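Every chain is numbered from 1 and lettered A, B, ... according to where its sequence line falls, protein lines coming before strand lines.
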2 protein chains.
Amino acid sequence: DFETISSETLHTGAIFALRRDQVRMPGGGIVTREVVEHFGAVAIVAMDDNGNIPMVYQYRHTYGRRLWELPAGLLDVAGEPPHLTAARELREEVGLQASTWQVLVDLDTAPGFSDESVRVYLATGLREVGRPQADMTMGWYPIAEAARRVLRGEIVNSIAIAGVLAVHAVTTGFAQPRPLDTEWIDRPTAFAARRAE
Amino acid sequence: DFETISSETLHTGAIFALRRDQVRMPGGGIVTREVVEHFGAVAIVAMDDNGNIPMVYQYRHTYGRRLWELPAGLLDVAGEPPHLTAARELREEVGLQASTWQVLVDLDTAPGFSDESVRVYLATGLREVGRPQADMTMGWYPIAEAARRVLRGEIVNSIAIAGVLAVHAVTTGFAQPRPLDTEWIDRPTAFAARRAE
């Protein structure tokens with residue numbers, strides 16, 4: 001198999017680090033692979049009694065504009081269980097508490113160059129508790145409308161794609177949400193390791 | 001609005017660069033935003049007469065394992081039109097030529113820290129022409145099976161999520177593929193600019 005031969009840190013920053021490995025390709029052979037180590041993140045599809053979900057309208061420095069995204073947050077508190085981060089983030093970002101939490105879909109955002117992976121939850125049985133901001137607008141969408149916004153390129157954040165389409169497959173009876181103990185295969189850990197310290 | 005106040009290059013490498021900007025938040029206020037500038041990429045959902053699509057099984061240094069992904073390739077040839085890169089990549093990677101090409105879905109893989117964006121095509125009217133490798137296995141899947149593999153976490157590459165779910169919405173009559181001239185809003189350009197030179 002593939003083996004990290006050597007490895008070096010090129011940069012460390014607020015939310016990720018940049019590492020450069022040399023990897024033994026099988027058999028014989030040597031590539032340079034750069035990995036942006038990231039904290040990992042969670043997001044929530046909060047589905048009300050009628051099939052509506054909340055979304056935020058978040059400025060992204062990288063595209064010079066705002067995207068429609070799901071509520072979400074970095075795994076930036078050491079050792080904190082992901083599901084508890086998600087509930088926390090739901091309350092901070094959109095002012096929602098939810099009774100029932102299930103795994104909806106996991107994704108590897110950029111396999112090409114980052115370890116970042118993202119667990120998206122389905123949260124149901126909802127209640128508003130306040131703090132719905134700074135520059136973030138939020139708004140709600142029936143799920144079917146959200147899915148057609150994906151298909152028209154009005155929602156392009158790829159965690160929102162995966163989340164909205166996945167819940168759409170649930171609401172149309174194609175698939176089932178899953179238990180909280182579903183293994184998150186690619187949960188990131190390298191950057192949390194490095195930060196501990 | 002938001003304005004880049006200053007900007008500096010921290011690293012330049014084979015397939016991306018790492019930049020650090022200072023951004024004026026409105027009104028008054030200053031954040032550091034790091035952007036990994038990337039080439040952009042395309043991928044293809046190649047759908048045969050019967051609803052089957054090809055997928056590759058590609059080792060990802062970043063997760064220490066292989067993922068099921070769609071055929072795909074970086075926009076790494078200067079000025080080459082994306083749709084022509086996609087046809088090229090389809091032939092190099094999976095040995096397919098396609099008659100008809102349409103836009104399926106675009107995504108922004110990691111808005112949090114990269115500009116990378118990805119145009120995924122629907123390619124139909126297919127013919128095998130050879131070169132189906134090195135370490136990449138490929139295999140075919142009915143679309144419905146592929147969509148249930150997403151929903152079970154057997155496919156987690158987020159371009160494969162977006163691509164397989166999007167085509168699933170087409171095959172089940174929920175949405176339509178779109179013309180090649182659909183604007184790709186977030187086509188990356190910063191790293192191609194920097195490389196020219």
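Of all heavy-atom pairs spanning B:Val45 and B:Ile53, the tightest one is CG1-CG2, 3.6 Å. In plain terms, the two heavy atoms of A:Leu90 and A:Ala123 that are nearest each other are CD2-CB, 4.2 Å. Nearest heavy-atom pair, B:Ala160 versus B:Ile155, reported as atom, atom and distance to 0.1 Å: CB-CG2, 3.5 Å. The two atoms that bring B:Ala162 and A:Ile161 nearest to each other are CB-CG2, 3.6 Å, heavy atoms only. Residue A:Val94 comes nearest to A:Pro54 through the heavy atom pair CG2-CG, 4.4 Å, listed as atom of the first residue, atom of the second, then distance. Taking each heavy atom of B:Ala147 and B:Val164 in turn, the nearest pair found is N-CG1, 3.4 Å.
Residue A:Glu128 places its CD atom among 12 or fewer non-hydrogen atoms of other residues, nucleotides or ligands, all under 6.0 Å distant.
In this structure, the side chain of A:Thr85 engages the main chain of A:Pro81 through a donor-acceptor pair within 3.5 Å. B:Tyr63 contributes a side-chain N or O that, together with a main-chain N or O of A:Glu116, makes up a donor-acceptor pair within less than 3.5 Å. Of the possible polar contacts, none joining the A:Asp186 side chain to the A:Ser117 backbone as a donor-acceptor pair under 3.5 Å is found. Checked by atom type and distance alone, the side chain of A:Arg178 pairs as donor or acceptor with a backbone atom of A:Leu104 at under 3.5 Å. A donor-acceptor pair under 3.5 Å links the side-chain atoms of B:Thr62 to the main chain of A:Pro111, judged by distance alone.
In terms of the side-chain hydrogen bond (donor to acceptor under 3.5 Å, both in side chains) criterion, residue partners of B:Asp48 (sequence neighbours excluded) are, by chain and number, B:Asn52. Under the rule for a side-chain hydrogen bond (donor to acceptor under 3.5 Å, both in side chains), the partners of A:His61 that lie at least two apart in sequence or sit in another chain are B:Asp21. For A:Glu92, the side-chain hydrogen bond (donor to acceptor under 3.5 Å, both in side chains) test picks out no residue, with sequence neighbours left out. A:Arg91 pairs by the side-chain contact (heavy atoms from CB on, under 4.5 Å) definition with A:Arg88, A:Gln97, A:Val129, A:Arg131, not counting sequence neighbours. With sequence neighbours excluded, no residue satisfies side-chain hydrogen bond (donor to acceptor under 3.5 Å, both in side chains) with B:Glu93.
For the pair B:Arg65 and B:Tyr59, the cation-pi test (distance below 6.0 Å, angle within 45°) is failed.
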Donor-acceptor pairs under 3.5 angstrom involving side-chain atoms of residues 188-197 of chain A: please list them, not counting sequence neighbours.
| unit_1 | atom_1 | unit_2 | atom_2 | d |
| --- | --- | --- | --- | --- |
| A:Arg194 | NE | A:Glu37 | OE1 | 2.7 |
| A:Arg194 | NH1 | A:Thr9 | OG1 | 2.9 |
| A:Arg194 | NH2 | A:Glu37 | OE1 | 3.1 |
| A:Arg194 | NH2 | A:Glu37 | OE2 | 2.8 |
| A:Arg195 | NH2 | A:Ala14 | O | 2.7 |

Exercise for review: Verify side chain to side chain contact (heavy atoms under 4.5 Å, CB included) between B:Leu180 and B:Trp101, making sure each step is shown before the conclusion.
Suggested key: CA-CA 7 Å; B:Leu180 300 169; B:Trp101 286 80; 4.1 Å; yes
Practice item. Check step by step if side chain to side chain contact (heavy atoms under 4.5 Å, CB included) holds for B:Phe2 and A:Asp135. Key: CA-CA 11 Å; B:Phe2 293 77; A:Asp135 161 71; 3.8 Å; yes
Practice item. Just do the side chain to side chain contact (heavy atoms under 4.5 Å, CB included) check on B:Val35 and B:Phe113 with the steps written out, would you? Key: CA-CA 5 Å; B:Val35 179; B:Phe113 60 100; over 6 Å; no
Exercise for review: Apply the test side chain to side chain contact (heavy atoms under 4.5 Å, CB included) to residues A:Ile15 and A:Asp76: give CA-CA distance (whole Å), side-chain angles for both, the deciding distance (0.1 Å), then the verdict.
Suggested key: CA-CA 8 Å; A:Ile15 73 172; A:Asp76 63 351; over 6 Å; no
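Residues B:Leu74 and B:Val36 share a hydrophobic cluster, clusters being chains of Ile/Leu/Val/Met/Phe/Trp/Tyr side chains in contact below 4.5 Å. In the hydrophobic cluster analysis, where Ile, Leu, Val, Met, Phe, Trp and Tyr join through side-chain heavy atoms closer than 4.5 angstrom, A:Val118 is grouped apart from A:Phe16. Hydrophobic clustering, with ILVMFWY side chains joined whenever heavy atoms are under 4.5 angstrom apart, groups A:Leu107 together with A:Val170. Note on A:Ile44 and A:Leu165: separate hydrophobic clusters, where clusters join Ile, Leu, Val, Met, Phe, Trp and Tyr whose side-chain heavy atoms are under 4.5 Å apart, directly or indirectly. If you chain together hydrophobic residues whose side chains sit under 4.5 Å apart, A:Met25 and A:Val23 fall into the same group.
Taking CG of A:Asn157 as the start and CD of A:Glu69 as the end, the distance is 4.0 Å to the nearest 0.5 Å. Atom CZ of A:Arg60 is separated from atom CG of B:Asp108 by 10.0 Å, given to the nearest 0.5 angstrom. Going from atom OH of A:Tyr141 over to atom CZ of A:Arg149 covers 4.0 Å, rounded to the nearest 0.5 Å. The CE atom of A:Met138 sits 9.5 Å away from atom CD of A:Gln133, with the distance rounded to the nearest 0.5 Å. To the nearest 0.5 Å, atoms CG (B:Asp106) and OG (A:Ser158) are separated by 12.5 Å. Here the straight-line distance linking atom OG1 of A:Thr171 with atom CE of A:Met47 works out to 7.5 Å at 0.5 Å rounding.
Using a 4.5 Å cut-off on side-chain heavy atoms (C-beta onward), B:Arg19 and B:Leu10 make no contact. Counting heavy atoms from C-beta outward, B:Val42 and B:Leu75 have side chains that approach closer than 4.5 Å. The side-chain heavy atoms of B:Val156 and B:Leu67, taken from C-beta on, include a pair separated by under 4.5 Å. Residues B:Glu89 and B:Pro71 have side chains not in contact (no heavy-atom distance under 4.5 Å, counting atoms from C-beta outward). Side-chain contact check for A:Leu18 versus B:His11: some heavy-atom pair is nearer than 4.5 Å.
Taking the ring centroids of A:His83 and A:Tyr121, they lie at or beyond the 6.0 Å cut-off. Residues A:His168 and A:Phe174 keep their aromatic ring centres 6.0 Å or farther apart.
No donor-acceptor contact under 3.5 angstrom links the side chains of A:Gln22 and A:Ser6, judged on distance only.
A salt bridge links A:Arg152 with A:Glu145; the closest basic N to acidic carboxylate O contact falls under 4.0 Å. At a threshold of 4.0 Å, the pair B:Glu3-B:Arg24 does not count as salt-bridged, since none of the basic side-chain nitrogens sits closer than that to a carboxylate oxygen.
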